[PDB]
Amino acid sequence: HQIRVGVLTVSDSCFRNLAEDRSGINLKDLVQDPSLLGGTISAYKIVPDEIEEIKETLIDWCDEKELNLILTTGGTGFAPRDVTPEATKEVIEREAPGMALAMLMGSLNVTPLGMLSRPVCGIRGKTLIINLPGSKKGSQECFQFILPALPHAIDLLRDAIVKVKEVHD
């Protein structure tokens, strides 16, 4: 019944030690809160806004760590270096557009600037990958929008096969 979760902070500023990772730290707290998801933090990493590093991390976390859930924070806006959604599209097997939609409607309710977020959500093996905004406020609000559906989503994926492992098994 355990939920093993990874939080991937995608941020040049945090990577360069220019700012504290308020968003990522807060997501670790939200994830572990027994009144919320009641999950376990199994992976945490800060990476720069660089497609290959994001992709490699996601693949490792899905295929080697077999996490149930990865929450990315940052790299989903219009700034030129923001490529988290692009990295995510390259690693997912099955897209989950309803989750990206739920987050966008929720965000638009807060502000029209919500349409400047470009998140992708999708599945790889047993892992649900969710792109969240970079700000603490934004990532918390978006986590809140999807939380009601997370336990069931994770449950449906628990027995999925990790494709790269299954071929030599």
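In case it trips you up, residue 1 is the first one in the sequence shown, and so on.
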| item | value |
| --- | --- |
| Residue range whose averaged C-alpha B-factor is higher in the record, 121-129 or 26-34 | 26-34 |
| Between the two ranges 16-24 and 142-150, the one averaging a larger CA B factor in the entry | 16-24 |
| Identity of residue with top Cα B-factor, from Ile70, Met103, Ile46, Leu113 | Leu113 |
| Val5, C-alpha B-factor rank within chain (lowest, middle or highest third) | middle |
| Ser42 by Cα B-factor - lowest, middle or highest third of the modelled chain | lowest |
